[PDB]
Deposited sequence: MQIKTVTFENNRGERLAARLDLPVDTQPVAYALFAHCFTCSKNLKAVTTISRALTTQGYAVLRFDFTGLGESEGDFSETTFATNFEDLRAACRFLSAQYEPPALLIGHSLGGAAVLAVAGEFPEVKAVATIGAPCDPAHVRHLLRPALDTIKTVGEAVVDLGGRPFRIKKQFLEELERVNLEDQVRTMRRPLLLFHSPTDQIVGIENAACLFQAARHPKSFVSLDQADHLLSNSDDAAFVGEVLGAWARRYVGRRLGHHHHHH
């Protein structure tokens, strides 16, 4: 594995940063976009453990920090996908954790080259997102403060507005791509009922893997390794 810092712009010319994790394979089996909220934790051990499991299997992984902790919206995720399409290969796998999971599910259908989608702890609807969010104080307008049980962060109000308008369950039903949902039954932030909701909305192929006693932010790195290894093995059926 080699890790690189990358930079790219969105359609407003704003500069975004990400980390690109490359495998030993000169040609990766696939490039994955991984939109996540693990930056809410005390460290990045969860996301680097997942990413390392994927690079071990030959994937390249673009880690996109959805929290902005180092304000996000759908266009920033699209910008990351365009960056991969231009400078690498269009991503064949989308991965989303927490709010990032809701985001990748809502945009996956926009990208024909995406062959598989996987999420971790994703909420299924606006009511369960509202549980996590409150309006931020205006000065910079139109943002919200998110609480996932760790470091809080800001996002654009446009995110929930757009998510509510496109309807996540409709998007999942019409995605026409294989889906893998990970969720902990003991998740205190986004309840396990959200995974059942998403699974019922989806069409086959659809899959679900239980994270047993894991927490929302995967603070046990054994759980993060598990997610990465299973995800990589599963997606290989579809990406090549």
| property | result |
| --- | --- |
| Deposited-sequence ranges lacking C-alpha coordinates, in sequence order | 71 to 81, 151 to 152, 254 to 263 |
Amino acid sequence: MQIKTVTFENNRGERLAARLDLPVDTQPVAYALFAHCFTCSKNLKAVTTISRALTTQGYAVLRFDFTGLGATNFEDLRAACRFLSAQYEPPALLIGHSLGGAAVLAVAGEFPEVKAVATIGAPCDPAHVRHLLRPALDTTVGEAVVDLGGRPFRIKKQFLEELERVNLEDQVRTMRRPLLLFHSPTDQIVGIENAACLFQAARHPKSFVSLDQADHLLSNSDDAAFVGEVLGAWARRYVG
From here on, numbers count along this sequence of modelled residues.
{"query": "Stretch exceeding the other in mean C-alpha B-factor - 158 to 166, 94 to 102", "finding": "158 to 166"}
{"query": "4 to 12 set against 229 to 237, stretch whose average Cα temperature factor tops the other in the entry", "finding": "4 to 12"}
{"query": "Selection from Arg63, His183, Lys42, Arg203 [criterion: highest C-alpha temperature factor in the record]", "finding": "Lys42"}
{"query": "Top Cα B factor in the deposited entry, candidates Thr49, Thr26, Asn194, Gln171", "finding": "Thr26"}
{"query": "Third of chain Cα B-factors occupied by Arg134", "finding": "highest"}
{"query": "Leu69 CA temperature factor, ranked by third within the chain", "finding": "highest"}
{"query": "Lowest, middle or highest third - CA B-factor, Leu22", "finding": "lowest"}
{"query": "Cα B factor band for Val141 (lowest, middle or highest third within the chain)", "finding": "highest"}
{"query": "Ranked C-alpha temperature factor of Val117 among modelled chain residues, by third", "finding": "lowest"}
